Amino acid sequence: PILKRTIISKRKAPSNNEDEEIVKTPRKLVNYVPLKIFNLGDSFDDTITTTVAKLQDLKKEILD
Amino acid sequence: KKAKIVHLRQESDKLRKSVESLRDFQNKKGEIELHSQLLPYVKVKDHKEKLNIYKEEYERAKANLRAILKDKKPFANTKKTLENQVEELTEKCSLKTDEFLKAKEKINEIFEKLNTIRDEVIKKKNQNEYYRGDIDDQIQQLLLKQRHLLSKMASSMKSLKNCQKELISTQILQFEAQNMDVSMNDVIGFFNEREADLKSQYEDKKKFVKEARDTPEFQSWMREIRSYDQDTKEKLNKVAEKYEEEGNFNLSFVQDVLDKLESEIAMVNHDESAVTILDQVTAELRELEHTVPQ
Amino acid sequence: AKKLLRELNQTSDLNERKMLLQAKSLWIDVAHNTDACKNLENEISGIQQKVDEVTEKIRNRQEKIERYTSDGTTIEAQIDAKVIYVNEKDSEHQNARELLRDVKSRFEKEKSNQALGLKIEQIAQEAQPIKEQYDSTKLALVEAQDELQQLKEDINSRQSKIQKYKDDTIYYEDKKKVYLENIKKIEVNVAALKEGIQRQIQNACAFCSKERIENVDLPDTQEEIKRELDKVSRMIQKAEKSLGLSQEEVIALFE
Amino acid sequence: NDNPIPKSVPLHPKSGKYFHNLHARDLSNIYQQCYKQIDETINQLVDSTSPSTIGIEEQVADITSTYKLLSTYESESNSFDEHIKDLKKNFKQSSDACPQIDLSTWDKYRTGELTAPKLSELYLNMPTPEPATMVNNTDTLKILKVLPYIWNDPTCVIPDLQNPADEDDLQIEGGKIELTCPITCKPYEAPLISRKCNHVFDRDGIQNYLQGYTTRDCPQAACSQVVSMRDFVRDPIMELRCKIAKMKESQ
């Protein structure tokens, strides 16, 4: 009912999300710029957990 | 029994925590149903956005393809006009070669006529010297003829220059037309390859647009609509209105839903702690509480 | 404290699982960087192959230009020789024409004197070969003049073709220099990517080991790994809130 | 604009082949043949006319006018070829300077916002040829101008370089030039004149005098210079004077 029509998006509501510029913007002939040092992930730091893993293995020998 | 009642009082908090955790699990299931019973909001929004961007890319690509297809015909017309100009260049080169041949033949014939006149004058001089060993009139006539031939060759001089100037002129224009044709074939070939690449990109965009629709997610759709229609509105409408209010207040449709889903899964991870027995412990606690005064 | 340490061991099983998941994410990031570096190496190899094709095209074009220049120098010497040849042929043609002219004038003067018959008959019989030789000399001279003119025009066009080929080779060398500048930019980008890969592999060696992660099985997709990292982080947060004290503090307290 | 025909386009290698092939028609051989023909016609005319017949001045003037016109035409042809070479060099330099059309540069040229050199416009703008730094003075012209005076009398002093009116003021005081050398009593079979001495010698006894001495003073007066054997060049004036004198005495 009203919920379905409000949740659904009319194709006419936007201009079909039209892009900027009539044609695609030009680019450099190479323009590689690899970057991509991080791909998603991140969040919790690796150094702290790595030190925790080192303490974990030491604790495992300590439990022995 | 009082110590057991104290333990039951200690675990009553755990039972209430399990009951509230189950209630929160029911609320989490209700929040999941809010997007599961209806069409998935994140997926529908992503599908609408991708369909809109694909449709606009298809529209710009088809508009560009129509524009290039309409513009291509004048290039064919210009190539036909340039080939007509090449036929004009061939006629101009042929007429210039004809004029050069005629001028060279005429100057060579004039030079040969001057040589024949010189030979005739030398023959008349041999006749004159043999006579010395009419002639004056013939010599005067030959001198007048040779001076007339010198005047004619002087007139042919600069006429040959005008022929050379007219040969070089109007030939540079045909050379420019040949250069225009040489540039035209290369640029039309480049435009043909560019339009072929644009048409290939347009076909790829059409394939992407076709793939955007008739998806397995779309097959899942119209079944979630039936599932929502199984229970129409009532409590579901109220919870849906509350969810819509929360979504618009959060100013997010994808990150907010994922954050709420992660939070509710984390909350449900610690659930069902000692929930196996809820009524028997309360009943025995009530029975022991009634037994204590006796 | 030992019971808390056993709880720390139970939490640390998930913690090491999260450490393995994060190390797997870092290893997949390193693999993505390495495959992209391999793709860049394939692209630079294709560009280098195109540069080699341009270089061999320049090499054959310059070899053709050198051969054409040597032919032009030899042709200039031969055309000067041909100019001397046509000049001497023209001089011989003038000598033949003057000999024909005098013998024909003598024959015509003898015929005019006749208007001696045996003498004029023998003189004409001897003169006819001179006319034939004059005609043959004229034909040879005109053929030589035509050949010289066509050769001179062809060699002038060929020299202009050599100069335009030199201009085309200069343009090809400029295009090759632009391609070499692009190759140097790709090489510096590859060097920066390699430095980034070296930093990532050093971090992977610092965090467990990169070589010890490849054996484990996990989906390659980054989004699934990020969701798993968030899930394990939430699970660790739940374990931490249940324990209350930070695991590092508890393990230090146990030590 | 409208029909996509750009005014001009950058030069292409295929177009460069035709540009290199294009050249001015060469008339140097034709001019040399015409000059040889007119010179031989003048030489034939020198002894063609009967010695009794007088009145060759109009024919000499007509031939002089024809030679002057031919010289003007030759100077204009030289100007034409040099102008063509300069125009080709300028056009090739301008074409090299201009960029190459690949995707949209051709559209910019068609719209007229971008301009390229055109040979037709440059040729129309090319300055008209000027007969400048050209002197219409040749040995054949000089002999043609002086032959009427030689016909009138063997000894004459036509050159007026020292003074426009005459050799000196109004009185030449030049005496007469004798065909028979006092040193050698014979006509000059090999009349040779030096560019510095400006005097004609038989060279039969001049070679003997020059033998053994690198340089010898000119025997004739009114000059002080030393010349070698190579300095002497053929002088047609002396042989023409000798021939006309022989024809007049015979007639």
# chains A, B, ... in the order shown; residues from 1 in each chain; ligands from 1
call {"tool": "closest_atom_pairs", "arguments": {"of": "chain C", "to": "chain D", "cutoff": "7 Å", "atoms": "only C-alpha atoms", "output": "JSON lines"}}
result
{"residue": "C:157", "atom": "CA", "partner": "D:21", "partner_atom": "CA", "distance": 5.4}
{"residue": "C:160", "atom": "CA", "partner": "D:20", "partner_atom": "CA", "distance": 5.4}
{"residue": "C:161", "atom": "CA", "partner": "D:17", "partner_atom": "CA", "distance": 6.5}
{"residue": "C:164", "atom": "CA", "partner": "D:16", "partner_atom": "CA", "distance": 6.9}
call {"tool": "interface_residues", "arguments": {"of": "chain A", "to": "chain B", "cutoff": "12 Å", "atoms": "only C-alpha atoms", "output": "list in words"}}
result
residues 1, 2, 3, 4, 5, 6, 7, 8, 9, 10, 11, 12, 13, 14, 15, 16, 17, 18, 19, 20, 21, 22, 23 and 24 of chain A
call {"tool": "select_by_dssp", "arguments": {"residues": "segment 180-248 of chain D", "states": "strand (DSSP E or B)", "output": "VMD selection string"}}
result
chain D and resid 192 to 194 200 to 201 216 to 217 226 to 227 232 to 234
call {"tool": "interface_residues", "arguments": {"of": "chain C", "to": "chain A", "cutoff": "8 Å", "atoms": "only C-alpha atoms", "output": "count of residues only"}}
result
27
call {"tool": "residues_around", "arguments": {"residues": "segment 107-120 of chain B", "least_positions_apart": "6", "cutoff": "12 Å", "atoms": "only C-alpha atoms", "output": "ChimeraX atom specification"}}
result
/B:99-101,126-128,138-139,141-161 /C:94,97-98,100-102,104-105,108 /D:27,29-38,40-45,48
call {"tool": "closest_residue", "arguments": {"among": "C:234, C:184, C:227, C:57", "to": "residue 44 of chain C", "atoms": "only C-alpha atoms"}}
result
C:184
call {"tool": "select_by_dssp", "arguments": {"residues": "segment 96-177 of chain D", "states": "alpha helix (DSSP H)", "output": "ChimeraX atom specification"}}
result
/D:96-97,105-111,119-125,139-152
call {"tool": "write_last_selection", "arguments": {"atoms": "N, CA and C atoms", "output": "PDB file, in the first residue's frame"}}
result
ATOM      1  N   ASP D  96      54.745  22.105 -41.009  1.00  0.00           N
ATOM      2  CA  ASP D  96      55.456  21.389 -39.917  1.00  0.00           C
ATOM      3  C   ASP D  96      55.108  22.038 -38.575  1.00  0.00           C
ATOM      4  N   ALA D  97      55.044  23.373 -38.535  1.00  0.00           N
ATOM      5  CA  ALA D  97      54.727  24.094 -37.281  1.00  0.00           C
ATOM      6  C   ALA D  97      53.311  23.740 -36.819  1.00  0.00           C
ATOM      7  N   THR D 105      40.408  18.019 -33.808  1.00  0.00           N
ATOM      8  CA  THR D 105      41.144  19.180 -34.375  1.00  0.00           C
ATOM      9  C   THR D 105      40.579  19.465 -35.766  1.00  0.00           C
ATOM     10  N   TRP D 106      40.220  18.412 -36.499  1.00  0.00           N
ATOM     11  CA  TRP D 106      39.613  18.590 -37.840  1.00  0.00           C
ATOM     12  C   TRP D 106      38.296  19.355 -37.708  1.00  0.00           C
ATOM     13  N   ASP D 107      37.500  19.033 -36.687  1.00  0.00           N
ATOM     14  CA  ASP D 107      36.223  19.758 -36.459  1.00  0.00           C
ATOM     15  C   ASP D 107      36.518  21.232 -36.165  1.00  0.00           C
ATOM     16  N   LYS D 108      37.550  21.508 -35.365  1.00  0.00           N
ATOM     17  CA  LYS D 108      37.916  22.911 -35.043  1.00  0.00           C
ATOM     18  C   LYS D 108      38.346  23.638 -36.322  1.00  0.00           C
ATOM     19  N   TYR D 109      39.119  22.973 -37.180  1.00  0.00           N
ATOM     20  CA  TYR D 109      39.515  23.594 -38.471  1.00  0.00           C
ATOM     21  C   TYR D 109      38.275  23.841 -39.337  1.00  0.00           C
ATOM     22  N   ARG D 110      37.339  22.888 -39.355  1.00  0.00           N
ATOM     23  CA  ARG D 110      36.104  23.022 -40.175  1.00  0.00           C
ATOM     24  C   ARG D 110      35.278  24.212 -39.672  1.00  0.00           C
ATOM     25  N   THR D 111      35.199  24.390 -38.351  1.00  0.00           N
ATOM     26  CA  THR D 111      34.417  25.512 -37.759  1.00  0.00           C
ATOM     27  C   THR D 111      35.085  26.853 -38.098  1.00  0.00           C
ATOM     28  N   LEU D 119      48.393  26.872 -49.968  1.00  0.00           N
ATOM     29  CA  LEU D 119      49.330  27.291 -51.046  1.00  0.00           C
ATOM     30  C   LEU D 119      48.665  28.332 -51.954  1.00  0.00           C
ATOM     31  N   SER D 120      47.363  28.204 -52.223  1.00  0.00           N
ATOM     32  CA  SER D 120      46.689  29.137 -53.165  1.00  0.00           C
ATOM     33  C   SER D 120      46.734  30.562 -52.602  1.00  0.00           C
ATOM     34  N   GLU D 121      46.402  30.733 -51.320  1.00  0.00           N
ATOM     35  CA  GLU D 121      46.392  32.086 -50.700  1.00  0.00           C
ATOM     36  C   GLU D 121      47.820  32.636 -50.651  1.00  0.00           C
ATOM     37  N   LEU D 122      48.788  31.790 -50.295  1.00  0.00           N
ATOM     38  CA  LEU D 122      50.198  32.247 -50.209  1.00  0.00           C
ATOM     39  C   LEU D 122      50.675  32.656 -51.606  1.00  0.00           C
ATOM     40  N   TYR D 123      50.305  31.888 -52.635  1.00  0.00           N
ATOM     41  CA  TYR D 123      50.704  32.216 -54.028  1.00  0.00           C
ATOM     42  C   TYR D 123      50.058  33.537 -54.459  1.00  0.00           C
ATOM     43  N   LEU D 124      48.785  33.739 -54.110  1.00  0.00           N
ATOM     44  CA  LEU D 124      48.097  35.012 -54.455  1.00  0.00           C
ATOM     45  C   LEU D 124      48.780  36.164 -53.713  1.00  0.00           C
ATOM     46  N   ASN D 125      49.154  35.939 -52.451  1.00  0.00           N
ATOM     47  CA  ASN D 125      49.804  36.996 -51.632  1.00  0.00           C
ATOM     48  C   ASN D 125      51.282  37.146 -52.014  1.00  0.00           C
ATOM     49  N   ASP D 139      77.797  40.338 -74.113  1.00  0.00           N
ATOM     50  CA  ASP D 139      78.732  40.536 -75.247  1.00  0.00           C
ATOM     51  C   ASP D 139      77.928  40.588 -76.545  1.00  0.00           C
ATOM     52  N   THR D 140      76.924  39.721 -76.674  1.00  0.00           N
ATOM     53  CA  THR D 140      76.085  39.691 -77.897  1.00  0.00           C
ATOM     54  C   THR D 140      75.325  41.013 -78.043  1.00  0.00           C
ATOM     55  N   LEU D 141      74.788  41.548 -76.943  1.00  0.00           N
ATOM     56  CA  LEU D 141      74.092  42.859 -77.018  1.00  0.00           C
ATOM     57  C   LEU D 141      75.088  43.937 -77.438  1.00  0.00           C
ATOM     58  N   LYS D 142      76.291  43.910 -76.866  1.00  0.00           N
ATOM     59  CA  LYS D 142      77.285  44.966 -77.176  1.00  0.00           C
ATOM     60  C   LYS D 142      77.649  44.896 -78.658  1.00  0.00           C
ATOM     61  N   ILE D 143      77.913  43.689 -79.166  1.00  0.00           N
ATOM     62  CA  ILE D 143      78.319  43.544 -80.595  1.00  0.00           C
ATOM     63  C   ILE D 143      77.139  43.941 -81.491  1.00  0.00           C
ATOM     64  N   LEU D 144      75.916  43.595 -81.089  1.00  0.00           N
ATOM     65  CA  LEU D 144      74.729  43.959 -81.900  1.00  0.00           C
ATOM     66  C   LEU D 144      74.597  45.484 -81.947  1.00  0.00           C
ATOM     67  N   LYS D 145      74.793  46.151 -80.810  1.00  0.00           N
ATOM     68  CA  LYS D 145      74.684  47.632 -80.769  1.00  0.00           C
ATOM     69  C   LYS D 145      75.810  48.267 -81.586  1.00  0.00           C
ATOM     70  N   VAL D 146      77.019  47.702 -81.536  1.00  0.00           N
ATOM     71  CA  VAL D 146      78.184  48.354 -82.209  1.00  0.00           C
ATOM     72  C   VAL D 146      78.309  47.940 -83.680  1.00  0.00           C
ATOM     73  N   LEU D 147      77.588  46.908 -84.129  1.00  0.00           N
ATOM     74  CA  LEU D 147      77.796  46.436 -85.531  1.00  0.00           C
ATOM     75  C   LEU D 147      77.363  47.494 -86.565  1.00  0.00           C
ATOM     76  N   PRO D 148      76.310  48.328 -86.384  1.00  0.00           N
ATOM     77  CA  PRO D 148      75.985  49.344 -87.392  1.00  0.00           C
ATOM     78  C   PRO D 148      77.148  50.324 -87.609  1.00  0.00           C
ATOM     79  N   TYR D 149      77.798  50.767 -86.530  1.00  0.00           N
ATOM     80  CA  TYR D 149      78.964  51.680 -86.664  1.00  0.00           C
ATOM     81  C   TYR D 149      80.099  50.973 -87.410  1.00  0.00           C
ATOM     82  N   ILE D 150      80.345  49.702 -87.087  1.00  0.00           N
ATOM     83  CA  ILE D 150      81.414  48.924 -87.779  1.00  0.00           C
ATOM     84  C   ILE D 150      81.046  48.812 -89.262  1.00  0.00           C
ATOM     85  N   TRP D 151      79.764  48.599 -89.554  1.00  0.00           N
ATOM     86  CA  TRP D 151      79.309  48.518 -90.965  1.00  0.00           C
ATOM     87  C   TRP D 151      79.567  49.856 -91.664  1.00  0.00           C
ATOM     88  N   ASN D 152      79.276  50.967 -90.986  1.00  0.00           N
ATOM     89  CA  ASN D 152      79.505  52.308 -91.583  1.00  0.00           C
ATOM     90  C   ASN D 152      81.001  52.508 -91.835  1.00  0.00           C
TER      91      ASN D 152
END
call {"tool": "interface_residues", "arguments": {"of": "chain B", "to": "chain C", "cutoff": "10 Å", "atoms": "only C-alpha atoms", "output": "ChimeraX atom specification"}}
result
/B:119-120,122-124,126-127,130,258,262-263,265-267,269-270
call {"tool": "atom_distance", "arguments": {"atom1": "atom CA of residue 227 of chain B", "atom2": "atom CA of residue 214 of chain B"}}
result
19.9 Å
call {"tool": "residues_around", "arguments": {"residues": "segment 153-170 of chain D", "least_positions_apart": "6", "cutoff": "8 Å", "atoms": "only C-alpha atoms", "output": "ChimeraX atom specification"}}
result
/D:146,176-178,241-242,244-245
call {"tool": "residues_around", "arguments": {"residues": "residue 218 of chain C", "least_positions_apart": "2", "cutoff": "9 Å", "atoms": "only C-alpha atoms", "output": "PyMOL selection string"}}
result
chain C and resi 21+24+216+220-221+225
call {"tool": "closest_atom_pairs", "arguments": {"of": "chain B", "to": "chain D", "cutoff": "6 Å", "atoms": "only C-alpha atoms", "output": "CSV"}}
result
residue,atom,partner,partner_atom,distance
B:164,CA,D:25,CA,6.0
B:173,CA,D:120,CA,5.8
B:179,CA,D:15,CA,5.0
call {"tool": "residues_around", "arguments": {"residues": "segment 181-196 of chain D", "least_positions_apart": "5", "cutoff": "12 Å", "atoms": "only C-alpha atoms", "output": "PDB file with N, CA, C and O atoms, in the first residue's frame"}}
result
ATOM      1  N   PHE D 201      94.828  41.353 -79.216  1.00  0.00           N
ATOM      2  CA  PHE D 201      96.158  40.930 -79.722  1.00  0.00           C
ATOM      3  C   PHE D 201      96.012  39.660 -80.567  1.00  0.00           C
ATOM      4  O   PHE D 201      95.097  38.854 -80.292  1.00  0.00           O
ATOM      5  N   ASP D 202      96.880  39.494 -81.571  1.00  0.00           N
ATOM      6  CA  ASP D 202      96.855  38.291 -82.449  1.00  0.00           C
ATOM      7  C   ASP D 202      97.245  37.037 -81.663  1.00  0.00           C
ATOM      8  O   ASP D 202      96.830  35.942 -82.104  1.00  0.00           O
ATOM      9  N   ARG D 203      98.135  37.167 -80.669  1.00  0.00           N
ATOM     10  CA  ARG D 203      98.572  36.034 -79.794  1.00  0.00           C
ATOM     11  C   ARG D 203      99.605  35.156 -80.509  1.00  0.00           C
ATOM     12  O   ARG D 203     100.119  34.223 -79.867  1.00  0.00           O
ATOM     13  N   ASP D 204      99.887  35.423 -81.783  1.00  0.00           N
ATOM     14  CA  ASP D 204     100.957  34.641 -82.446  1.00  0.00           C
ATOM     15  C   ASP D 204     102.317  35.022 -81.854  1.00  0.00           C
ATOM     16  O   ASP D 204     103.127  34.106 -81.608  1.00  0.00           O
ATOM     17  N   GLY D 205     102.565  36.321 -81.666  1.00  0.00           N
ATOM     18  CA  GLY D 205     103.846  36.786 -81.099  1.00  0.00           C
ATOM     19  C   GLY D 205     103.704  37.078 -79.623  1.00  0.00           C
ATOM     20  O   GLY D 205     104.737  37.171 -78.937  1.00  0.00           O
ATOM     21  N   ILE D 206     102.464  37.230 -79.159  1.00  0.00           N
ATOM     22  CA  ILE D 206     102.210  37.483 -77.712  1.00  0.00           C
ATOM     23  C   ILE D 206     102.598  36.233 -76.907  1.00  0.00           C
ATOM     24  O   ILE D 206     103.184  36.395 -75.827  1.00  0.00           O
ATOM     25  N   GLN D 207     102.304  35.036 -77.428  1.00  0.00           N
ATOM     26  CA  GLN D 207     102.669  33.772 -76.728  1.00  0.00           C
ATOM     27  C   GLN D 207     104.191  33.698 -76.598  1.00  0.00           C
ATOM     28  O   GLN D 207     104.671  33.334 -75.510  1.00  0.00           O
ATOM     29  N   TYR D 209     106.341  36.237 -76.581  1.00  0.00           N
ATOM     30  CA  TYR D 209     106.770  37.269 -75.602  1.00  0.00           C
ATOM     31  C   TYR D 209     106.498  36.776 -74.178  1.00  0.00           C
ATOM     32  O   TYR D 209     107.353  36.975 -73.302  1.00  0.00           O
ATOM     33  N   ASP D 217     104.524  43.296 -69.313  1.00  0.00           N
ATOM     34  CA  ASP D 217     103.766  44.566 -69.467  1.00  0.00           C
ATOM     35  C   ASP D 217     103.067  44.587 -70.826  1.00  0.00           C
ATOM     36  O   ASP D 217     103.640  44.057 -71.802  1.00  0.00           O
ATOM     37  N   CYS D 218     101.881  45.189 -70.874  1.00  0.00           N
ATOM     38  CA  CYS D 218     101.139  45.293 -72.151  1.00  0.00           C
ATOM     39  C   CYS D 218     101.944  46.146 -73.131  1.00  0.00           C
ATOM     40  O   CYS D 218     102.314  47.281 -72.770  1.00  0.00           O
ATOM     41  N   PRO D 219     102.219  45.652 -74.358  1.00  0.00           N
ATOM     42  CA  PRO D 219     102.984  46.407 -75.351  1.00  0.00           C
ATOM     43  C   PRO D 219     102.279  47.724 -75.708  1.00  0.00           C
ATOM     44  O   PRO D 219     102.967  48.712 -75.905  1.00  0.00           O
ATOM     45  N   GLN D 220     100.944  47.711 -75.769  1.00  0.00           N
ATOM     46  CA  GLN D 220     100.182  48.927 -76.181  1.00  0.00           C
ATOM     47  C   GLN D 220     100.236  50.012 -75.098  1.00  0.00           C
ATOM     48  O   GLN D 220     100.374  49.661 -73.903  1.00  0.00           O
ATOM     49  N   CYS D 223      98.036  52.188 -70.939  1.00  0.00           N
ATOM     50  CA  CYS D 223      97.772  51.248 -69.821  1.00  0.00           C
ATOM     51  C   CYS D 223      99.104  50.785 -69.227  1.00  0.00           C
ATOM     52  O   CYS D 223     100.105  50.769 -69.975  1.00  0.00           O
ATOM     53  N   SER D 224      99.127  50.471 -67.928  1.00  0.00           N
ATOM     54  CA  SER D 224     100.352  49.914 -67.290  1.00  0.00           C
ATOM     55  C   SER D 224      99.949  48.737 -66.399  1.00  0.00           C
ATOM     56  O   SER D 224      99.595  48.978 -65.228  1.00  0.00           O
ATOM     57  N   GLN D 225      99.973  47.523 -66.950  1.00  0.00           N
ATOM     58  CA  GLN D 225      99.605  46.323 -66.157  1.00  0.00           C
ATOM     59  C   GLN D 225     100.282  45.095 -66.757  1.00  0.00           C
ATOM     60  O   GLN D 225     100.710  45.160 -67.927  1.00  0.00           O
ATOM     61  N   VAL D 226     100.379  44.026 -65.966  1.00  0.00           N
ATOM     62  CA  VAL D 226     101.010  42.765 -66.446  1.00  0.00           C
ATOM     63  C   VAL D 226      99.940  41.673 -66.426  1.00  0.00           C
ATOM     64  O   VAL D 226      99.219  41.554 -65.412  1.00  0.00           O
ATOM     65  N   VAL D 227      99.811  40.940 -67.530  1.00  0.00           N
ATOM     66  CA  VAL D 227      98.751  39.893 -67.618  1.00  0.00           C
ATOM     67  C   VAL D 227      99.367  38.572 -68.082  1.00  0.00           C
ATOM     68  O   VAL D 227     100.443  38.604 -68.724  1.00  0.00           O
ATOM     69  N   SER D 228      98.721  37.455 -67.736  1.00  0.00           N
ATOM     70  CA  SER D 228      99.194  36.110 -68.156  1.00  0.00           C
ATOM     71  C   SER D 228      98.466  35.646 -69.425  1.00  0.00           C
ATOM     72  O   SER D 228      97.634  36.414 -69.955  1.00  0.00           O
ATOM     73  N   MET D 229      98.797  34.449 -69.916  1.00  0.00           N
ATOM     74  CA  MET D 229      98.124  33.875 -71.113  1.00  0.00           C
ATOM     75  C   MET D 229      96.646  33.583 -70.819  1.00  0.00           C
ATOM     76  O   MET D 229      95.817  33.820 -71.722  1.00  0.00           O
ATOM     77  N   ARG D 230      96.320  33.104 -69.613  1.00  0.00           N
ATOM     78  CA  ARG D 230      94.923  32.699 -69.267  1.00  0.00           C
ATOM     79  C   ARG D 230      93.966  33.900 -69.228  1.00  0.00           C
ATOM     80  O   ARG D 230      92.747  33.670 -69.368  1.00  0.00           O
ATOM     81  N   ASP D 231      94.479  35.114 -69.008  1.00  0.00           N
ATOM     82  CA  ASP D 231      93.616  36.322 -68.898  1.00  0.00           C
ATOM     83  C   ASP D 231      92.916  36.633 -70.228  1.00  0.00           C
ATOM     84  O   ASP D 231      91.834  37.246 -70.193  1.00  0.00           O
ATOM     85  N   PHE D 232      93.539  36.306 -71.359  1.00  0.00           N
ATOM     86  CA  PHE D 232      92.952  36.657 -72.678  1.00  0.00           C
ATOM     87  C   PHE D 232      91.704  35.827 -72.991  1.00  0.00           C
ATOM     88  O   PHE D 232      91.702  34.607 -72.722  1.00  0.00           O
ATOM     89  N   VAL D 233      90.688  36.472 -73.576  1.00  0.00           N
ATOM     90  CA  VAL D 233      89.439  35.761 -73.984  1.00  0.00           C
ATOM     91  C   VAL D 233      89.105  36.167 -75.420  1.00  0.00           C
ATOM     92  O   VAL D 233      89.573  37.229 -75.869  1.00  0.00           O
ATOM     93  N   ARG D 234      88.312  35.352 -76.110  1.00  0.00           N
ATOM     94  CA  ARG D 234      87.999  35.630 -77.535  1.00  0.00           C
ATOM     95  C   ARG D 234      87.240  36.953 -77.677  1.00  0.00           C
ATOM     96  O   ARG D 234      86.305  37.190 -76.884  1.00  0.00           O
ATOM     97  N   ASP D 235      87.620  37.768 -78.665  1.00  0.00           N
ATOM     98  CA  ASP D 235      86.893  39.036 -78.936  1.00  0.00           C
ATOM     99  C   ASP D 235      86.225  38.945 -80.311  1.00  0.00           C
ATOM    100  O   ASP D 235      86.934  39.073 -81.334  1.00  0.00           O
ATOM    101  N   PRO D 236      84.887  38.789 -80.385  1.00  0.00           N
ATOM    102  CA  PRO D 236      84.185  38.756 -81.670  1.00  0.00           C
ATOM    103  C   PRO D 236      84.255  40.098 -82.415  1.00  0.00           C
ATOM    104  O   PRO D 236      84.148  40.089 -83.614  1.00  0.00           O
ATOM    105  N   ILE D 237      84.403  41.211 -81.698  1.00  0.00           N
ATOM    106  CA  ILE D 237      84.371  42.542 -82.371  1.00  0.00           C
ATOM    107  C   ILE D 237      85.493  42.616 -83.404  1.00  0.00           C
ATOM    108  O   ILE D 237      85.232  43.082 -84.528  1.00  0.00           O
ATOM    109  N   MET D 238      86.695  42.181 -83.035  1.00  0.00           N
ATOM    110  CA  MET D 238      87.840  42.319 -83.968  1.00  0.00           C
ATOM    111  C   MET D 238      87.603  41.473 -85.227  1.00  0.00           C
ATOM    112  O   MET D 238      87.865  41.977 -86.340  1.00  0.00           O
ATOM    113  N   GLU D 239      87.120  40.238 -85.056  1.00  0.00           N
ATOM    114  CA  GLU D 239      86.889  39.347 -86.228  1.00  0.00           C
ATOM    115  C   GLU D 239      85.758  39.918 -87.099  1.00  0.00           C
ATOM    116  O   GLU D 239      85.867  39.816 -88.333  1.00  0.00           O
ATOM    117  N   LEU D 240      84.718  40.486 -86.482  1.00  0.00           N
ATOM    118  CA  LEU D 240      83.607  41.096 -87.260  1.00  0.00           C
ATOM    119  C   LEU D 240      84.152  42.271 -88.073  1.00  0.00           C
ATOM    120  O   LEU D 240      83.784  42.392 -89.253  1.00  0.00           O
ATOM    121  N   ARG D 241      85.005  43.093 -87.456  1.00  0.00           N
ATOM    122  CA  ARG D 241      85.599  44.251 -88.172  1.00  0.00           C
ATOM    123  C   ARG D 241      86.444  43.745 -89.345  1.00  0.00           C
ATOM    124  O   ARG D 241      86.354  44.324 -90.441  1.00  0.00           O
ATOM    125  N   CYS D 242      87.240  42.702 -89.114  1.00  0.00           N
ATOM    126  CA  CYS D 242      88.100  42.161 -90.197  1.00  0.00           C
ATOM    127  C   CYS D 242      87.221  41.616 -91.325  1.00  0.00           C
ATOM    128  O   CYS D 242      87.529  41.890 -92.503  1.00  0.00           O
ATOM    129  N   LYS D 243      86.162  40.883 -90.973  1.00  0.00           N
ATOM    130  CA  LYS D 243      85.285  40.268 -92.002  1.00  0.00           C
ATOM    131  C   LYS D 243      84.597  41.362 -92.824  1.00  0.00           C
ATOM    132  O   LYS D 243      84.574  41.240 -94.062  1.00  0.00           O
ATOM    133  N   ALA D 245      85.571  44.448 -93.297  1.00  0.00           N
ATOM    134  CA  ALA D 245      86.593  45.148 -94.108  1.00  0.00           C
ATOM    135  C   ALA D 245      86.910  44.320 -95.359  1.00  0.00           C
ATOM    136  O   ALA D 245      86.993  44.906 -96.457  1.00  0.00           O
ATOM    137  N   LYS D 246      87.056  43.004 -95.193  1.00  0.00           N
ATOM    138  CA  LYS D 246      87.343  42.119 -96.351  1.00  0.00           C
ATOM    139  C   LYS D 246      86.169  42.159 -97.333  1.00  0.00           C
ATOM    140  O   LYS D 246      86.411  42.232 -98.552  1.00  0.00           O
TER     141      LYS D 246
END
call {"tool": "residues_around", "arguments": {"residues": "residue 2 of chain B", "least_positions_apart": "2", "cutoff": "9 Å", "atoms": "only C-alpha atoms", "output": "ChimeraX atom specification"}}
result
/B:4-7,288-289,292
call {"tool": "decode", "arguments": {"residues": "segment 53-64 of chain D", "atoms": "C-alpha atoms", "output": "tab-separated table (two decimals), in the first residue's frame"}}
result
chain	number	residue	atom	x	y	z
D	53	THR	CA	72.94	47.32	-99.20
D	54	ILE	CA	72.67	49.99	-96.43
D	55	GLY	CA	69.79	50.58	-93.97
D	56	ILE	CA	70.24	47.67	-91.47
D	57	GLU	CA	69.67	50.05	-88.48
D	58	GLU	CA	65.92	49.21	-88.16
D	59	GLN	CA	66.65	45.43	-88.21
D	60	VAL	CA	69.40	45.90	-85.57
D	61	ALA	CA	67.00	47.97	-83.40
D	62	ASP	CA	64.25	45.31	-83.76
D	63	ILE	CA	66.68	42.49	-82.78
D	64	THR	CA	67.98	44.62	-79.84
